[PDB]
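Undergrad: Provided below: protein35.txt, containing compact mmCIF, N, CA and C atoms.
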```txt
# COMPACT_ATOMS: atom_id res chain seq x y z
N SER A 56 109.91 107.74 100.73
CA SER A 56 111.08 108.40 101.30
C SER A 56 112.26 108.35 100.34
N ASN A 57 112.25 107.37 99.47
CA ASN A 57 113.24 107.19 98.44
C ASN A 57 112.60 106.18 97.53
N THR A 58 113.28 105.66 96.56
CA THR A 58 112.66 104.71 95.73
C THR A 58 113.21 103.36 95.83
N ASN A 59 112.30 102.47 95.85
CA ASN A 59 112.54 101.11 96.00
C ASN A 59 111.30 100.44 95.54
N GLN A 60 111.42 99.19 95.23
CA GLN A 60 110.32 98.38 94.80
C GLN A 60 109.13 98.45 95.73
N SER A 61 109.37 98.20 96.98
CA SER A 61 108.32 98.26 97.99
C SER A 61 107.78 99.69 98.23
N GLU A 62 108.63 100.70 97.99
CA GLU A 62 108.20 102.08 98.05
C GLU A 62 107.29 102.38 96.89
N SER A 63 107.60 101.78 95.77
CA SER A 63 106.82 101.89 94.59
C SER A 63 105.49 101.16 94.77
N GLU A 64 105.56 99.98 95.42
CA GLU A 64 104.41 99.14 95.69
C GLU A 64 103.33 99.91 96.35
N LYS A 65 103.70 100.54 97.43
CA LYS A 65 102.76 101.22 98.30
C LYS A 65 102.00 102.31 97.51
N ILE A 66 102.67 102.95 96.57
CA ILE A 66 102.08 104.02 95.77
C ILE A 66 101.03 103.42 94.83
N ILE A 67 101.40 102.31 94.23
CA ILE A 67 100.54 101.58 93.32
C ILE A 67 99.35 101.01 94.09
N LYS A 68 99.65 100.46 95.25
CA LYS A 68 98.66 99.89 96.13
C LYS A 68 97.63 100.91 96.51
N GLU A 69 98.07 102.08 96.93
CA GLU A 69 97.15 103.13 97.30
C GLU A 69 96.37 103.59 96.08
N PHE A 70 97.05 103.71 94.93
CA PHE A 70 96.41 104.13 93.67
C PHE A 70 95.22 103.23 93.37
N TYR A 71 95.47 101.94 93.36
CA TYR A 71 94.45 100.96 93.07
C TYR A 71 93.42 100.88 94.17
N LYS A 72 93.87 100.84 95.42
CA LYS A 72 92.99 100.73 96.55
C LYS A 72 92.05 101.91 96.63
N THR A 73 92.52 103.05 96.24
CA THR A 73 91.70 104.22 96.25
C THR A 73 90.68 104.15 95.12
N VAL A 74 91.16 103.96 93.91
CA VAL A 74 90.30 104.05 92.75
C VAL A 74 89.33 102.89 92.60
N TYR A 75 89.74 101.72 92.96
CA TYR A 75 88.87 100.58 92.82
C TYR A 75 88.23 100.18 94.13
N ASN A 76 87.97 101.15 94.97
CA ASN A 76 87.25 100.93 96.21
C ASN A 76 86.20 101.95 96.42
N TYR A 77 85.02 101.57 96.13
CA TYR A 77 83.90 102.43 96.33
C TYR A 77 82.69 101.61 96.53
N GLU A 78 81.62 102.25 96.82
CA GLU A 78 80.44 101.54 96.91
C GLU A 78 79.63 101.59 95.64
N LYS A 79 79.28 102.75 95.16
CA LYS A 79 78.43 102.79 93.98
C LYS A 79 79.06 103.69 92.92
N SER A 80 79.53 104.84 93.34
CA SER A 80 80.18 105.77 92.46
C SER A 80 81.68 105.85 92.73
N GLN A 81 82.47 105.73 91.66
CA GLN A 81 83.92 105.77 91.74
C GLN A 81 84.42 107.21 91.99
N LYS A 82 83.50 108.17 91.92
CA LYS A 82 83.82 109.58 92.14
C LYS A 82 84.14 109.89 93.62
N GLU A 83 83.56 109.10 94.52
CA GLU A 83 83.62 109.38 95.97
C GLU A 83 85.01 109.08 96.58
N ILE A 84 85.89 108.50 95.79
CA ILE A 84 87.19 108.01 96.27
C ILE A 84 88.21 109.13 96.55
N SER A 85 87.83 110.37 96.28
CA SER A 85 88.72 111.53 96.45
C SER A 85 89.83 111.60 95.38
N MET A 86 89.56 112.38 94.35
CA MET A 86 90.48 112.58 93.22
C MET A 86 91.74 113.35 93.60
N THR A 87 91.82 113.82 94.82
CA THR A 87 93.01 114.47 95.24
C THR A 87 94.07 113.42 95.51
N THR A 88 93.64 112.30 96.05
CA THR A 88 94.53 111.25 96.47
C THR A 88 95.32 110.69 95.27
N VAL A 89 94.64 110.49 94.16
CA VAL A 89 95.28 110.02 92.94
C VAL A 89 96.32 111.04 92.41
N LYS A 90 96.06 112.30 92.62
CA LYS A 90 96.89 113.37 92.17
C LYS A 90 98.24 113.34 92.96
N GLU A 91 98.18 112.77 94.12
CA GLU A 91 99.31 112.68 95.01
C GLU A 91 100.09 111.41 94.71
N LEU A 92 99.38 110.39 94.34
CA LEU A 92 99.97 109.08 94.04
C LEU A 92 100.44 109.00 92.59
N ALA A 93 99.84 109.76 91.73
CA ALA A 93 100.13 109.69 90.33
C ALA A 93 100.29 111.08 89.73
N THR A 94 100.90 111.16 88.57
CA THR A 94 101.07 112.40 87.86
C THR A 94 99.76 112.83 87.20
N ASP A 95 99.75 114.04 86.64
CA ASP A 95 98.56 114.62 86.01
C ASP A 95 98.04 113.77 84.88
N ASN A 96 98.94 113.22 84.08
CA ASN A 96 98.54 112.44 82.91
C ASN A 96 97.74 111.19 83.31
N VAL A 97 98.21 110.48 84.32
CA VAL A 97 97.50 109.31 84.81
C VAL A 97 96.28 109.70 85.66
N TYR A 98 96.38 110.83 86.33
CA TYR A 98 95.29 111.41 87.09
C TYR A 98 94.11 111.76 86.17
N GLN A 99 94.42 112.44 85.08
CA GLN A 99 93.41 112.93 84.16
C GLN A 99 92.70 111.78 83.43
N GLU A 100 93.44 110.73 83.06
CA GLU A 100 92.82 109.58 82.39
C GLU A 100 91.93 108.83 83.38
N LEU A 101 92.36 108.80 84.63
CA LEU A 101 91.65 108.07 85.65
C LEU A 101 90.33 108.74 85.96
N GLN A 102 90.37 110.03 86.19
CA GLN A 102 89.16 110.76 86.52
C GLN A 102 88.15 110.67 85.38
N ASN A 103 88.66 110.52 84.18
CA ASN A 103 87.84 110.36 83.01
C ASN A 103 87.18 109.00 82.98
N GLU A 104 87.92 107.93 83.35
CA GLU A 104 87.32 106.60 83.39
C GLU A 104 86.23 106.60 84.45
N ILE A 105 86.52 107.28 85.57
CA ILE A 105 85.60 107.44 86.67
C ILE A 105 84.31 108.09 86.20
N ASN A 106 84.45 109.12 85.42
CA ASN A 106 83.31 109.89 85.00
C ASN A 106 82.37 109.05 84.15
N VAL A 107 82.91 108.41 83.13
CA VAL A 107 82.11 107.60 82.20
C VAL A 107 81.57 106.33 82.88
N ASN A 108 82.31 105.85 83.86
CA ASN A 108 81.94 104.68 84.65
C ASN A 108 80.68 104.94 85.45
N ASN A 109 80.63 106.11 86.05
CA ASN A 109 79.53 106.49 86.92
C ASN A 109 78.38 107.02 86.11
N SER A 110 78.70 107.86 85.18
CA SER A 110 77.72 108.55 84.40
C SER A 110 77.95 108.29 82.92
N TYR A 111 77.16 107.40 82.36
CA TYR A 111 77.24 107.11 80.94
C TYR A 111 76.40 108.14 80.20
N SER A 112 75.25 108.40 80.77
CA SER A 112 74.28 109.32 80.25
C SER A 112 73.20 109.44 81.32
N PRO A 113 72.33 110.46 81.29
CA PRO A 113 71.24 110.60 82.29
C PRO A 113 70.20 109.48 82.19
N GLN A 114 70.30 108.72 81.12
CA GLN A 114 69.39 107.63 80.86
C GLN A 114 70.05 106.28 81.16
N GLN A 115 71.22 106.29 81.80
CA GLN A 115 71.87 105.04 82.13
C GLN A 115 72.72 105.16 83.36
N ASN A 116 72.41 104.34 84.29
CA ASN A 116 73.13 104.21 85.52
C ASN A 116 72.74 102.87 86.11
N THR A 117 73.61 102.29 86.87
CA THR A 117 73.41 101.00 87.45
C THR A 117 74.37 100.86 88.61
N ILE A 118 74.07 99.96 89.52
CA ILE A 118 74.90 99.74 90.69
C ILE A 118 76.18 99.03 90.29
N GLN A 119 77.28 99.53 90.77
CA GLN A 119 78.58 99.01 90.49
C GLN A 119 79.33 99.03 91.75
N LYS A 120 79.82 97.93 92.11
CA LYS A 120 80.56 97.77 93.29
C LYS A 120 81.92 97.32 92.95
N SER A 121 82.90 98.05 93.38
CA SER A 121 84.26 97.67 93.16
C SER A 121 85.03 97.80 94.44
N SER A 122 85.87 96.84 94.69
CA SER A 122 86.69 96.79 95.88
C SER A 122 87.92 95.92 95.58
N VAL A 123 89.05 96.28 96.13
CA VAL A 123 90.30 95.57 95.91
C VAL A 123 91.15 95.54 97.18
N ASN A 124 91.75 94.40 97.46
CA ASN A 124 92.68 94.26 98.57
C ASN A 124 94.06 94.70 98.10
N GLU A 125 94.64 95.61 98.84
CA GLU A 125 95.96 96.20 98.54
C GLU A 125 97.09 95.18 98.49
N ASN A 126 96.95 94.09 99.19
CA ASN A 126 98.03 93.13 99.20
C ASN A 126 97.68 91.92 98.42
N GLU A 127 96.65 92.09 97.63
CA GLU A 127 96.22 91.11 96.67
C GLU A 127 96.59 91.70 95.30
N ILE A 128 97.33 92.77 95.37
CA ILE A 128 97.85 93.44 94.24
C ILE A 128 99.22 92.91 94.06
N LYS A 129 99.37 92.09 93.10
CA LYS A 129 100.62 91.49 92.86
C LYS A 129 101.43 92.37 91.97
N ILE A 130 102.44 92.94 92.55
CA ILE A 130 103.31 93.83 91.87
C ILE A 130 104.62 93.14 91.61
N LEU A 131 104.85 92.87 90.38
CA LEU A 131 106.05 92.23 89.98
C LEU A 131 106.99 93.32 89.55
N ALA A 132 108.00 93.53 90.35
CA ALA A 132 108.99 94.53 90.07
C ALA A 132 109.69 94.17 88.80
N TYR A 133 109.57 95.02 87.84
CA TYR A 133 110.14 94.74 86.59
C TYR A 133 111.45 95.45 86.52
N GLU A 134 112.44 94.70 86.26
CA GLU A 134 113.74 95.19 86.29
C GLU A 134 114.24 95.43 84.90
N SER A 135 114.61 96.65 84.70
CA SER A 135 115.05 97.19 83.45
C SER A 135 115.48 98.59 83.77
N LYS A 136 114.54 99.30 84.40
CA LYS A 136 114.69 100.67 84.79
C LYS A 136 115.06 101.54 83.62
N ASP A 137 114.05 101.72 82.80
CA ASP A 137 114.06 102.44 81.53
C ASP A 137 114.09 103.95 81.82
N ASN A 138 115.05 104.36 82.68
CA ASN A 138 115.20 105.74 83.26
C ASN A 138 114.12 105.98 84.31
N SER A 139 113.14 105.15 84.26
CA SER A 139 112.01 105.19 85.09
C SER A 139 111.85 103.80 85.67
N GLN A 140 110.96 103.62 86.58
CA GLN A 140 110.84 102.36 87.23
C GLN A 140 109.59 101.64 86.75
N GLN A 141 109.78 100.55 86.07
CA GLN A 141 108.70 99.77 85.56
C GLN A 141 108.30 98.70 86.59
N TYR A 142 107.03 98.63 86.89
CA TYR A 142 106.47 97.67 87.80
C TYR A 142 105.26 97.06 87.17
N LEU A 143 105.23 95.78 87.11
CA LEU A 143 104.13 95.10 86.52
C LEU A 143 103.11 94.90 87.61
N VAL A 144 101.91 95.26 87.34
CA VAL A 144 100.90 95.23 88.35
C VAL A 144 99.73 94.35 87.93
N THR A 145 99.30 93.51 88.81
CA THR A 145 98.17 92.66 88.56
C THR A 145 97.29 92.60 89.83
N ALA A 146 96.05 93.04 89.71
CA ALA A 146 95.16 93.11 90.86
C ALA A 146 93.73 92.74 90.49
N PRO A 147 93.10 91.87 91.29
CA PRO A 147 91.72 91.48 91.10
C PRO A 147 90.78 92.54 91.61
N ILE A 148 89.81 92.84 90.83
CA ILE A 148 88.85 93.82 91.21
C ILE A 148 87.55 93.11 91.47
N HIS A 149 87.15 93.12 92.72
CA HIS A 149 85.94 92.45 93.12
C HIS A 149 84.77 93.33 92.82
N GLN A 150 84.09 93.02 91.76
CA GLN A 150 83.00 93.82 91.32
C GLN A 150 81.67 93.14 91.43
N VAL A 151 80.66 93.96 91.53
CA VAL A 151 79.30 93.52 91.52
C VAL A 151 78.56 94.55 90.69
N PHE A 152 77.91 94.10 89.70
CA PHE A 152 77.26 94.93 88.77
C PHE A 152 75.80 94.63 88.82
N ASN A 153 75.07 95.54 89.41
CA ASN A 153 73.62 95.45 89.62
C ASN A 153 73.25 94.12 90.31
N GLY A 154 74.12 93.69 91.23
CA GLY A 154 73.88 92.46 91.97
C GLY A 154 74.57 91.26 91.36
N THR A 155 75.26 91.49 90.29
CA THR A 155 75.93 90.44 89.55
C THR A 155 77.38 90.51 89.74
N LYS A 156 77.92 89.41 90.07
CA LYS A 156 79.23 89.32 90.42
C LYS A 156 80.13 89.29 89.22
N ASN A 157 81.22 89.96 89.36
CA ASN A 157 82.25 89.98 88.41
C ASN A 157 83.55 90.09 89.18
N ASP A 158 84.42 89.17 89.00
CA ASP A 158 85.67 89.14 89.70
C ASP A 158 86.73 88.78 88.70
N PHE A 159 87.54 89.75 88.36
CA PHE A 159 88.53 89.61 87.31
C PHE A 159 89.83 90.24 87.76
N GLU A 160 90.93 89.94 87.10
CA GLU A 160 92.21 90.44 87.54
C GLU A 160 92.87 91.26 86.46
N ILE A 161 93.00 92.54 86.73
CA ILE A 161 93.51 93.41 85.73
C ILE A 161 95.00 93.46 85.86
N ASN A 162 95.63 93.56 84.77
CA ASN A 162 97.03 93.63 84.72
C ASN A 162 97.45 94.79 83.89
N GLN A 163 98.24 95.64 84.48
CA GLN A 163 98.75 96.80 83.81
C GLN A 163 100.17 96.99 84.24
N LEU A 164 100.98 97.57 83.42
CA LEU A 164 102.29 97.90 83.87
C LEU A 164 102.25 99.35 84.34
N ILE A 165 102.85 99.60 85.45
CA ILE A 165 102.90 100.92 86.03
C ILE A 165 104.33 101.39 86.07
N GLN A 166 104.53 102.61 85.70
CA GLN A 166 105.81 103.19 85.74
C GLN A 166 105.85 104.21 86.88
N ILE A 167 106.80 104.04 87.76
CA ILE A 167 106.98 104.86 88.93
C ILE A 167 108.10 105.88 88.72
N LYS A 168 107.82 107.10 89.10
CA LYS A 168 108.74 108.21 89.02
C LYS A 168 108.30 109.21 90.05
N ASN A 169 109.24 109.75 90.81
CA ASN A 169 108.97 110.84 91.79
C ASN A 169 107.98 110.44 92.83
N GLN A 170 108.07 109.19 93.22
CA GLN A 170 107.20 108.60 94.26
C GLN A 170 105.77 108.58 93.79
N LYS A 171 105.60 108.55 92.51
CA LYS A 171 104.30 108.60 91.94
C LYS A 171 104.24 107.68 90.76
N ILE A 172 103.06 107.46 90.28
CA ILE A 172 102.87 106.77 89.03
C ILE A 172 102.95 107.81 87.97
N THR A 173 103.79 107.60 87.03
CA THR A 173 103.97 108.56 85.98
C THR A 173 103.28 108.08 84.71
N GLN A 174 102.95 106.80 84.66
CA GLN A 174 102.29 106.21 83.52
C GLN A 174 101.85 104.81 83.87
N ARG A 175 100.68 104.44 83.43
CA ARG A 175 100.21 103.10 83.58
C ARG A 175 99.68 102.67 82.23
N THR A 176 99.83 101.45 81.87
CA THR A 176 99.30 100.99 80.61
C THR A 176 98.80 99.58 80.78
N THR A 177 97.59 99.33 80.31
CA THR A 177 96.99 98.04 80.45
C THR A 177 97.72 97.03 79.58
N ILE A 178 97.89 95.87 80.11
CA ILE A 178 98.53 94.78 79.45
C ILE A 178 97.55 93.63 79.46
N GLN A 179 97.85 92.55 78.77
CA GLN A 179 96.97 91.41 78.76
C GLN A 179 97.82 90.18 78.51
N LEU A 180 97.51 89.10 79.17
CA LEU A 180 98.21 87.85 78.95
C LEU A 180 97.47 87.01 77.92
N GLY A 181 96.18 86.84 78.13
CA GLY A 181 95.39 86.09 77.19
C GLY A 181 93.93 86.39 77.33
N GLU A 182 93.29 85.75 78.28
CA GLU A 182 91.88 86.02 78.58
C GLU A 182 91.86 87.34 79.33
N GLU A 183 92.84 87.46 80.19
CA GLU A 183 93.22 88.62 80.89
C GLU A 183 94.71 88.51 80.88
```
Write the structure described by the file as structure tokens, please.
TA:
Amino acid sequence: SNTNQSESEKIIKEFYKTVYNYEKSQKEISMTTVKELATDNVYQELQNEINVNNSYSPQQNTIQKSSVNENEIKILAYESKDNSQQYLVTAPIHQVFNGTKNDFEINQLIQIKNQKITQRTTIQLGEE
């Protein structure tokens, strides 16, 4: 409705909750939703990660389970406001790869503009 940290949160939360919540194919999450939560640039990169994630080649596919809790998404409001709104985002992605567990926490900074994500960029602290 306007912009605020928590308004920004919800957009990021939905972005992540949508994209990192599927059963086997990340394609089923509805690419329209990301288009609403994020700009074309972040939309286009995302759909591309989705594509290669699901389909590496006709000779390679495997079960991938990804799921994330929206309020387990730690969004550290980054204050600077570089004309845009910088929000540091860190969220664990509960994955299972062909029955094998993988649980890691991705951290990316997300920039919010126009009630959307206008840019996201992966960051790293150390191991993650």
Undergrad: Which residue out of A:148, A:161, A:89, A:66 has the minimum interatomic distance to residue 123 of chain A when only C-alpha atoms are used?
TA: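 Result for the nearest residue to residue 123 of chain A: A:148.
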Undergrad: So which residues are close to (83.9, 101.3, 95.7), meaning at most 7 Å away in the file's coordinates with only N, CA and C atoms counted, and can you show them as a ChimeraX atom specification?
TA: /A:74-81,119-122
Undergrad: Residues of chain A in helix (DSSP H, G or I) according to DSSP, as an NGL selection string?
TA: :A and (60-74 or 81-84 or 86-92 or 95-109)
Undergrad: State, in Å with one decimal place, the distance from atom N of residue 174 of chain A to atom C of residue 117 of chain A.
TA: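 One can read the atom N of residue 174 of chain A to atom C of residue 117 of chain A distance as 29.5 Å.
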Undergrad: My list of candidates is A:181, A:71, A:153, A:170. Which is closest to residue 118 of chain A when distances are computed with all atoms listed in the file?
TA: A:153
Undergrad: Quick check, in Å to one decimal: how far apart do atom C of residue 160 of chain A and atom C of residue 130 of chain A lie?
TA: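 These two atoms are separated by 13.0 Å.
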Undergrad: Figure out the distance between atom CA of residue 150 of chain A and atom N of residue 93 of chain A, please, to one decimal in Å.
TA: 23.2 Å
Undergrad: If I put a ball of radius 8 Å at (104.7, 110.3, 94.7) in the file's coordinates, which residues poke into it when counting all atoms listed in the file, written as a JSON list (two decimals) with N, CA and C atoms, in the frame of the given file?
TA:
```
[["chain", "number", "residue", "atom", "x", "y", "z"],
["A", 66, "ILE", "N", 102.67, 102.95, 96.57],
["A", 66, "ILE", "CA", 102.08, 104.02, 95.77],
["A", 66, "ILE", "C", 101.03, 103.42, 94.83],
["A", 90, "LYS", "N", 96.06, 112.30, 92.62],
["A", 90, "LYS", "CA", 96.89, 113.37, 92.17],
["A", 90, "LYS", "C", 98.24, 113.34, 92.96],
["A", 91, "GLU", "N", 98.18, 112.77, 94.12],
["A", 91, "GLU", "CA", 99.31, 112.68, 95.01],
["A", 91, "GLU", "C", 100.09, 111.41, 94.71],
["A", 92, "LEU", "N", 99.38, 110.39, 94.34],
["A", 92, "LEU", "CA", 99.97, 109.08, 94.04],
["A", 92, "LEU", "C", 100.44, 109.00, 92.59],
["A", 93, "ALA", "N", 99.84, 109.76, 91.73],
["A", 93, "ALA", "CA", 100.13, 109.69, 90.33],
["A", 93, "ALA", "C", 100.29, 111.08, 89.73],
["A", 94, "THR", "N", 100.90, 111.16, 88.57],
["A", 94, "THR", "CA", 101.07, 112.40, 87.86],
["A", 94, "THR", "C", 99.76, 112.83, 87.20],
["A", 168, "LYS", "N", 107.82, 107.10, 89.10],
["A", 168, "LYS", "CA", 108.74, 108.21, 89.02],
["A", 168, "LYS", "C", 108.30, 109.21, 90.05],
["A", 169, "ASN", "N", 109.24, 109.75, 90.81],
["A", 169, "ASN", "CA", 108.97, 110.84, 91.79],
["A", 169, "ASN", "C", 107.98, 110.44, 92.83],
["A", 170, "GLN", "N", 108.07, 109.19, 93.22],
["A", 170, "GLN", "CA", 107.20, 108.60, 94.26],
["A", 170, "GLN", "C", 105.77, 108.58, 93.79],
["A", 171, "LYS", "N", 105.60, 108.55, 92.51],
["A", 171, "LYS", "CA", 104.30, 108.60, 91.94],
["A", 171, "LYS", "C", 104.24, 107.68, 90.76],
["A", 172, "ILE", "N", 103.06, 107.46, 90.28],
["A", 172, "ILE", "CA", 102.87, 106.77, 89.03],
["A", 172, "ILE", "C", 102.95, 107.81, 87.97]]
```
Undergrad: Fewer than 6 positions away in the same chain doesn't count, so skip those; otherwise give me all residues within 12 Å of residue 176 of chain A, counting only C-alpha atoms, as number ranges by chain.
TA: A: 96-97, 100-101, 141-145, 161-167
Undergrad: Among chain A, which residues carry a DSSP assignment of strand (DSSP E), reported as an mmCIF file with N, CA and C atoms, in the frame of the given file?
TA:
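Output below, filename result.cif:
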```cif
data_model
loop_
_atom_site.group_PDB
_atom_site.id
_atom_site.type_symbol
_atom_site.label_atom_id
_atom_site.label_comp_id
_atom_site.auth_asym_id
_atom_site.auth_seq_id
_atom_site.Cartn_x
_atom_site.Cartn_y
_atom_site.Cartn_z
ATOM 1 N N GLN A 119 77.280 99.530 90.770
ATOM 2 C CA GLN A 119 78.580 99.010 90.490
ATOM 3 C C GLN A 119 79.330 99.030 91.750
ATOM 4 N N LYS A 120 79.820 97.930 92.110
ATOM 5 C CA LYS A 120 80.560 97.770 93.290
ATOM 6 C C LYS A 120 81.920 97.320 92.950
ATOM 7 N N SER A 121 82.900 98.050 93.380
ATOM 8 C CA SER A 121 84.260 97.670 93.160
ATOM 9 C C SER A 121 85.030 97.800 94.440
ATOM 10 N N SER A 122 85.870 96.840 94.690
ATOM 11 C CA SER A 122 86.690 96.790 95.880
ATOM 12 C C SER A 122 87.920 95.920 95.580
ATOM 13 N N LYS A 129 99.370 92.090 93.100
ATOM 14 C CA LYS A 129 100.620 91.490 92.860
ATOM 15 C C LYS A 129 101.430 92.370 91.970
ATOM 16 N N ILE A 130 102.440 92.940 92.550
ATOM 17 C CA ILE A 130 103.310 93.830 91.870
ATOM 18 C C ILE A 130 104.620 93.140 91.610
ATOM 19 N N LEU A 131 104.850 92.870 90.380
ATOM 20 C CA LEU A 131 106.050 92.230 89.980
ATOM 21 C C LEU A 131 106.990 93.320 89.550
ATOM 22 N N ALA A 132 108.000 93.530 90.350
ATOM 23 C CA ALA A 132 108.990 94.530 90.070
ATOM 24 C C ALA A 132 109.690 94.170 88.800
ATOM 25 N N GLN A 140 110.960 103.620 86.580
ATOM 26 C CA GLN A 140 110.840 102.360 87.230
ATOM 27 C C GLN A 140 109.590 101.640 86.750
ATOM 28 N N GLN A 141 109.780 100.550 86.070
ATOM 29 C CA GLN A 141 108.700 99.770 85.560
ATOM 30 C C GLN A 141 108.300 98.700 86.590
ATOM 31 N N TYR A 142 107.030 98.630 86.890
ATOM 32 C CA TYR A 142 106.470 97.670 87.800
ATOM 33 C C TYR A 142 105.260 97.060 87.170
ATOM 34 N N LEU A 143 105.230 95.780 87.110
ATOM 35 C CA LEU A 143 104.130 95.100 86.520
ATOM 36 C C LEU A 143 103.110 94.900 87.610
ATOM 37 N N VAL A 144 101.910 95.260 87.340
ATOM 38 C CA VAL A 144 100.900 95.230 88.350
ATOM 39 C C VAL A 144 99.730 94.350 87.930
ATOM 40 N N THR A 145 99.300 93.510 88.810
ATOM 41 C CA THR A 145 98.170 92.660 88.560
ATOM 42 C C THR A 145 97.290 92.600 89.830
ATOM 43 N N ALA A 146 96.050 93.040 89.710
ATOM 44 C CA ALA A 146 95.160 93.110 90.860
ATOM 45 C C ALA A 146 93.730 92.740 90.490
ATOM 46 N N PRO A 147 93.100 91.870 91.290
ATOM 47 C CA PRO A 147 91.720 91.480 91.100
ATOM 48 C C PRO A 147 90.780 92.540 91.610
ATOM 49 N N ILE A 148 89.810 92.840 90.830
ATOM 50 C CA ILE A 148 88.850 93.820 91.210
ATOM 51 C C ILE A 148 87.550 93.110 91.470
ATOM 52 N N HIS A 149 87.150 93.120 92.720
ATOM 53 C CA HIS A 149 85.940 92.450 93.120
ATOM 54 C C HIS A 149 84.770 93.330 92.820
ATOM 55 N N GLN A 150 84.090 93.020 91.760
ATOM 56 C CA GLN A 150 83.000 93.820 91.320
ATOM 57 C C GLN A 150 81.670 93.140 91.430
ATOM 58 N N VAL A 151 80.660 93.960 91.530
ATOM 59 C CA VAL A 151 79.300 93.520 91.520
ATOM 60 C C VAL A 151 78.560 94.550 90.690
ATOM 61 N N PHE A 152 77.910 94.100 89.700
ATOM 62 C CA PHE A 152 77.260 94.930 88.770
ATOM 63 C C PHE A 152 75.800 94.630 88.820
ATOM 64 N N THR A 155 75.260 91.490 90.290
ATOM 65 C CA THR A 155 75.930 90.440 89.550
ATOM 66 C C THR A 155 77.380 90.510 89.740
ATOM 67 N N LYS A 156 77.920 89.410 90.070
ATOM 68 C CA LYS A 156 79.230 89.320 90.420
ATOM 69 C C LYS A 156 80.130 89.290 89.220
ATOM 70 N N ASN A 157 81.220 89.960 89.360
ATOM 71 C CA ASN A 157 82.250 89.980 88.410
ATOM 72 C C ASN A 157 83.550 90.090 89.180
ATOM 73 N N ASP A 158 84.420 89.170 89.000
ATOM 74 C CA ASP A 158 85.670 89.140 89.700
ATOM 75 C C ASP A 158 86.730 88.780 88.700
ATOM 76 N N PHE A 159 87.540 89.750 88.360
ATOM 77 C CA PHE A 159 88.530 89.610 87.310
ATOM 78 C C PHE A 159 89.830 90.240 87.760
ATOM 79 N N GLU A 160 90.930 89.940 87.100
ATOM 80 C CA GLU A 160 92.210 90.440 87.540
ATOM 81 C C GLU A 160 92.870 91.260 86.460
ATOM 82 N N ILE A 161 93.000 92.540 86.730
ATOM 83 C CA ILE A 161 93.510 93.410 85.730
ATOM 84 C C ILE A 161 95.000 93.460 85.860
ATOM 85 N N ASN A 162 95.630 93.560 84.770
ATOM 86 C CA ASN A 162 97.030 93.630 84.720
ATOM 87 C C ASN A 162 97.450 94.790 83.890
ATOM 88 N N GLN A 163 98.240 95.640 84.480
ATOM 89 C CA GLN A 163 98.750 96.800 83.810
ATOM 90 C C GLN A 163 100.170 96.990 84.240
ATOM 91 N N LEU A 164 100.980 97.570 83.420
ATOM 92 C CA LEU A 164 102.290 97.900 83.870
ATOM 93 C C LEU A 164 102.250 99.350 84.340
ATOM 94 N N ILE A 165 102.850 99.600 85.450
ATOM 95 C CA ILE A 165 102.900 100.920 86.030
ATOM 96 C C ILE A 165 104.330 101.390 86.070
ATOM 97 N N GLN A 166 104.530 102.610 85.700
ATOM 98 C CA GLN A 166 105.810 103.190 85.740
ATOM 99 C C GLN A 166 105.850 104.210 86.880
ATOM 100 N N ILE A 167 106.800 104.040 87.760
ATOM 101 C CA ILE A 167 106.980 104.860 88.930
ATOM 102 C C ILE A 167 108.100 105.880 88.720
ATOM 103 N N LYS A 168 107.820 107.100 89.100
ATOM 104 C CA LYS A 168 108.740 108.210 89.020
ATOM 105 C C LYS A 168 108.300 109.210 90.050
ATOM 106 N N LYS A 171 105.600 108.550 92.510
ATOM 107 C CA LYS A 171 104.300 108.600 91.940
ATOM 108 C C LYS A 171 104.240 107.680 90.760
ATOM 109 N N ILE A 172 103.060 107.460 90.280
ATOM 110 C CA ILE A 172 102.870 106.770 89.030
ATOM 111 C C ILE A 172 102.950 107.810 87.970
ATOM 112 N N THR A 173 103.790 107.600 87.030
ATOM 113 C CA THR A 173 103.970 108.560 85.980
ATOM 114 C C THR A 173 103.280 108.080 84.710
ATOM 115 N N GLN A 174 102.950 106.800 84.660
ATOM 116 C CA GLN A 174 102.290 106.210 83.520
ATOM 117 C C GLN A 174 101.850 104.810 83.870
ATOM 118 N N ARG A 175 100.680 104.440 83.430
ATOM 119 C CA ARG A 175 100.210 103.100 83.580
ATOM 120 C C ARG A 175 99.680 102.670 82.230
ATOM 121 N N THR A 176 99.830 101.450 81.870
ATOM 122 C CA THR A 176 99.300 100.990 80.610
ATOM 123 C C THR A 176 98.800 99.580 80.780
ATOM 124 N N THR A 177 97.590 99.330 80.310
ATOM 125 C CA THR A 177 96.990 98.040 80.450
ATOM 126 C C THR A 177 97.720 97.030 79.580
#
```
Undergrad: Pick from A:114, A:109, A:157, A:139: nearest to residue 59 of chain A, with only C-alpha atoms counted?
TA: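 Closest candidate: A:139.
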